[PDB]
Amino acid sequence: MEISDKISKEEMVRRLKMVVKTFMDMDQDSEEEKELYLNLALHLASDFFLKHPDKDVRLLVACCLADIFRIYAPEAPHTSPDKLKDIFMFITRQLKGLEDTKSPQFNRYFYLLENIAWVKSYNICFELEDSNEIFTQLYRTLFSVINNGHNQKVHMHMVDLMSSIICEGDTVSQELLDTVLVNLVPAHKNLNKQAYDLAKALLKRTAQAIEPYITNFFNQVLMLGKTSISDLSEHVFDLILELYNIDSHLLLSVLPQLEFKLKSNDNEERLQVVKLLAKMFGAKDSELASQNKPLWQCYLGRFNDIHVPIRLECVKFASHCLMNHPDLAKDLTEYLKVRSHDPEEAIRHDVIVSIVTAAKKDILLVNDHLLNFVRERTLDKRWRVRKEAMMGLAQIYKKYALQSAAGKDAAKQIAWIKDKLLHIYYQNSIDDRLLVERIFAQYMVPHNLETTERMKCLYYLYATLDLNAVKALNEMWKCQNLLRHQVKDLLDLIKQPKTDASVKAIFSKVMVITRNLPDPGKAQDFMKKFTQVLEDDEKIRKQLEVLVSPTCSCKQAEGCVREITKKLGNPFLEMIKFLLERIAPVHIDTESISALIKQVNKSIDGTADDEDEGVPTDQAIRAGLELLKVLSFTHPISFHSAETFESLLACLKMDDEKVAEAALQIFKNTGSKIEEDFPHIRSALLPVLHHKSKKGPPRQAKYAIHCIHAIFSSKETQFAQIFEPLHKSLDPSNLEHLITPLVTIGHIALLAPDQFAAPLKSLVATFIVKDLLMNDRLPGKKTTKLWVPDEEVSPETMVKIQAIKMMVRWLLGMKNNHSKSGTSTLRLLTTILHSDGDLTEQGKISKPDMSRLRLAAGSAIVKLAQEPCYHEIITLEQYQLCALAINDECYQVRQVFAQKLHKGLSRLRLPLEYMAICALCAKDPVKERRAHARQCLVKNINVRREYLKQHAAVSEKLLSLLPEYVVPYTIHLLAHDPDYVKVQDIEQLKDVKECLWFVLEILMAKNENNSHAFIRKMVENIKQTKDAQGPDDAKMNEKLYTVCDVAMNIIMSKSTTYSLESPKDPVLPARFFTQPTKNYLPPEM
Amino acid sequence: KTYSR
Ligand SMILES: O=P(O)(O)O[C@H]1[C@@H](OP(=O)(O)O)[C@@H](OP(=O)(O)O)[C@@H](OP(=O)(O)O)[C@@H](OP(=O)(O)O)[C@@H]1OP(=O)(O)O
């Protein structure tokens, strides 16, 4: 019953440990026991206990004082404030013992904590003058003892204890508030997660009560700039983020303070608010946008900030928003649009990354507008940007189109990617074109796929591509083929004995290859290094020899690039990998072609795949044949296998004309060694070729004849068995049955000129000319129309046309005019044109048939003109009459005739005098005709310039390509035009002018290398010559000289660089002008 | 019974 300094230390403790129990068990109700123990309660607070050096005593006394507050509440016994302060500070010092969870006394310290927490004893200190020091020291203690050794009951009691002080207190000083917020600072949060969790629990529990002091904290430092208020002033933004996640209400009055800070003129401060709000808005569970719309709208406005880092931050933020907040995606579309056009490359680039990143997670997170933005960026001016957009669309295709990762309806949303990506191959940029190739190899038709799967993929892809897409893909095949050949040529040059000559040849080849590589400024120098390595390392040569061989499988190729890359193991090694991936076969080899033809075979008989693969079995078959036809030109050797030829044989006996027509064309292009390596195929093929060659159809008969010529060494005797029977069947009584025989004979006459020289010569002279072209057994119906579909043409006309094409092939076979046989045919074709198509002039022939005969004769001369030996024979008068076909009364005639000129000129096989004909298209009423004529001129003038740019010129071969040399021909052609009758007439000379201006406007558009000076020097020279078609004819030379002055008037009035010196003295055509004053214009011009 | 305000 007594505890004092008199008793032994042992007995005192013994008494205390009993006094703890009675105080613990006592009740607030027991007035009796309270009045009794009241004096002991007052005594236990004595300074003898509060400062007792024994740890166990202070603990026991602390527990007592706690219950003593519990029992006597709400009216404690200790009244002295100075004494009441000593107690609660003493208790706080004891709470330090909570830290050692392994001590045997811990549970007593826990009882102390549990008691003051339940009783809210510390609330007594609200009235004490030093309340803030007490509460601050309490908070620091609790946050410094909490560790991973404490269960949730400890955490809970500490929150209860600290919550009361805030909720039921008069105020919260900044100092006291800081003891809580400091635990949230990132540096502290990192080293002490326990104190951090405790602070969160506290702030959450007391959110309503503490909001004003938090609001006051931020308002002082953000708005009023007072940093001295707290040592946590630097961490405000870190704290606002932490606080928002604990409870939104904590920032009730802080969000308006952020909205104000967005309007700040301080770029760095404005940036930080945006960085912050990005995390707040962007977070997955966040709902700040719905809860505070004005802040959301005020935030989105920063997408248009002048400061680049703020824009960049908003753009990076968009990715997270798109992924985490689909419903907010619509508020971003307009801002992502304008930023895709940003002046800063970094912003344009990151708009793509954000849209793609969202798309790759789920395509439904991005709409059509956002993908269209990525599309628009493939045409960006910066390579790094369009590189990002193309790769983006590739990765999207591979997921949501190839693999259908989001269903079938989603794959139709992006059906445009495959086409658009391949259209990029038409770009001038070498970097772009080579990237399309990498994309095609990785993302569209993955190379790592097994052969059969890889061609199944390609087959259905090729069947669903745009028209320009498949064209791009064909051009890609062709370019690699050309490059592989250039490399094999280089290797062969290196293998030669090294002379000064081969050294130069090697440099030329190197220079050509580098034009097909990125960064030609470094490629030229890297290929110098490359040739050096090849001359030395024989083992690297071998590996490249294998990689470039036409029988290189895709497997071997992967091995070859491996070995070469190894033995060169830095920007140099990067360059060669570009070269190696271009030439290395990835898709097409011998086994692939076999798999692909088998895939088309399947499609023809059942297959069941076409329907579920999303393509009509019809167009899939047609595409597969076109694909094989294309690959037969680019990869012919790859068709050389037993499996492929066996598959092609079955295709050749299908009864489907389009399938058989394709198989024949493929055999023609790849069957060069069938007879040697596959004799059973050869013998199986013979009977079919003879059948098709005899019974048609025409198209297949043609291909059959060329197949025999290509494959069989015995082709001579083969042709005999075919020709002689077909030679007999030629009877004018049968018209319908003469089509196929005439076709077959024509191609035989082309491929076997000497073997059948005499029968053909007689055949043409008697049957074609006299018996067939001179009669009209079946007069076509009389009509007003000038043209009819192929169906409605009289079968006799169709035979005449085919008989004309036969004569041309008969001449192209001979390639000589020795026996004056070419003159005869050219004389005949001319009379057909001069008689408007009615060779007999009896009027029994139909008008549409006459049109098709004019077109046939006009087309014939143009084809013969492409053969040098017959070009010599074509007289000016014949050529001039042929030229007038470009202005035929019939639209179809002039259209197709023009198409034939374009084709002859595009292949650089038709002389420029035939390009001058296009000048007469200025007389064409039809807009479409004038457009095509100009199109023809532009394309033909350019390719002739680009060709001369690369290739070294030669005396006679240079005049043939220089576009400027069209002007003399154009001047001559117009001077002889039928409409130009009266020499000095105005309206006729207005016509001559617009014709000249039709070609000159295009020819002069470049204006480089003294083009204009060169032209005027030609025109000057013409005035010093004679018409050559009639040198003595004065009136004819007057007409020549005046057309020159009209031409001269155009040049003078449309340029300023004409008066310069000509680079070279122009040589006029000898057969248009003889070897070399005033103006011949009427003054009204 | 406890201390509250
Ligand atoms: O070489 P082919 O694949 O057999 O094509 C030829 C040829 O086309 P190309 O010479 O351009 O390759 C003819 O063109 P031309 O030389 O006569 O200008 C063309 O003539 P048409 O324009 O009158 O149709 C023709 O028809 P033909 O069967 O009489 O040779 C036939 O093309 P297709 O057989 O593929 O239709």
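Residues numbered from 1 in each chain as written, not as in the entry; some residues may be left out. Chains lettered and ligands numbered in written order. Heavy atoms only, no water.

*Asks:* Honestly, the site of the ligand in this entry has me stumped. Any pointers?
*Replies:* All names here are of chain A. Close to the ligand lie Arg699, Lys702, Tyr703, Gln802, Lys805, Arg809, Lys863, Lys900, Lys903 and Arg907. Side-chain polar atom of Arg809 to an oxygen atom of the ligand: 2.7 Å apart, as the coordinates give it. Take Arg907: an N or O atom from its side chain is 3.0 Å from an oxygen atom of the ligand. Taken by itself the ligand offers 650 Å² of open surface, and the protein chains cover 54% of this. Elements with a minimum of two residues in the shell around the ligand: helix 40 (698-711), helix 44 (795-814) and helix 49 (891-906). Across the shell around the ligand, the residue classes break down as 1 nonpolar, 1 polar and 8 charged. (Near = heavy atom within 4 Å. Polar contact = N/O pair within 3.5 Å; in protein donor to acceptor, adjacent residues only side chain to side chain. Areas by Shrake-Rupley, 256 points an atom, 1.4 Å probe, with all protein chains shown as cover. Helix = DSSP H or I, 4+ residues; strand = E, 2+ residues; numbered from the N terminus. Nonpolar A, V, L, I, M, F, W, Y, C, P; charged D, E, K, R; others polar.)

*Asks:* What should I look at first to understand the side chain of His52 of chain A in this one?
*Replies:* Among the secondary structure elements, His52 of chain A is positioned in the loop between helix 3 (47-50) and helix 4 (55-72). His52 of chain A has contacts with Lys9, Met12, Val57 and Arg58 of chain A, leaving out every residue within four places of it along the chain. (Contact = heavy atoms within 4.5 Å.)

*Asks:* Sorry, what's going on with the interface of chain B and chain A here?
*Replies:* Interface size, as often reported, equals the accessible area lost upon joining of the parts. Taken together, the contacts link 5 residues of chain B with 16 residues of chain A. Its largest share of buried area at the contact with chain A, chain B owes to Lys1, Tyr3 and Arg5 of chain B, together 84% of the area lost on that side. Between chain B and chain A we count 2 salt bridges in total. Ionic pairing is found between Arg5 of chain B and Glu127 of chain A, a salt bridge with its closest N-O pair at 3.2 Å. Between chain B and chain A we count 6 residue pairs in polar contact in total. Considered class by class, the residues forming the side of chain B that touches chain A number 1 nonpolar, 2 polar and 2 charged. (Buried area = accessible area lost by both parts, 1.4 Å probe. Salt bridge = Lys/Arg side-chain N within 4 Å of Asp/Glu carboxyl O.)

*Asks:* Is there a simple way to think about the UniProt feature "repeat: HEAT" in chain A in this case?
*Replies:* UniProt feature "repeat: HEAT": in the numbering of this structure it lies at residues 364-400 of chain A. The span residues 364-400 of chain A is 76% helical and 0% strand by assignment, and the distance between its end C-alpha atoms comes to 10 Å. (UniProt positions renumbered as here; feature names shortened; annotations may be inferred.)

*Asks:* Would you mind showing me how to read the packing of aromatic side chains here?
*Replies:* Note on aromatic pairs: each is described by the distance of the centres and the angle between the planes. All names here are of chain A. Overall, the coordinates contain 24 aromatic pairs over all chains when judged by the stated rule. Centre to centre, the rings of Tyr299 and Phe317 are 5.2 Å apart; their planes meet at 85 degrees, and the pair counts as edge-to-face. Of the two residues, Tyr299 sits in helix 17 (residues 293-300) while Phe317 sits in helix 18 (residues 308-324), which places them 18 residues apart along the sequence. With respect to burial, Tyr299 and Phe317 carry one shared label: buried. Taking 5.9 Å as the distance between ring centres and 20 degrees as the angle between the ring planes, the aromatic pair formed by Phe645 and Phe667 counts as stacked. A residue pair is termed long-range when its members are at least 10 positions apart, and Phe645 in helix 36 (residues 642-652) and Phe667 in helix 37 (residues 657-670) qualify at 22 residues. Both residues of the pair, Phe645 and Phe667, belong to the buried class. Within the aromatic cluster, the residues linked to one another by ring pairs are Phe281, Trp296, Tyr299 and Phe317. Positioned above the aromatic ring of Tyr443, the side-chain terminus of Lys398 is 5.1 Å from the ring centre. When the ring centre of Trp997 is taken as reference, the NZ or CZ atom of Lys1054 above it lies at 5.2 Å. (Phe/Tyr/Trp six-rings, centres within 6.5 Å; stacked < 30°, edge-to-face > 60°. Buried < 20%, exposed > 50% of the residue type's maximum accessible area, 1.4 Å probe, protein only. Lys NZ or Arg CZ within 6 Å of the ring centre and 35° of its normal.)

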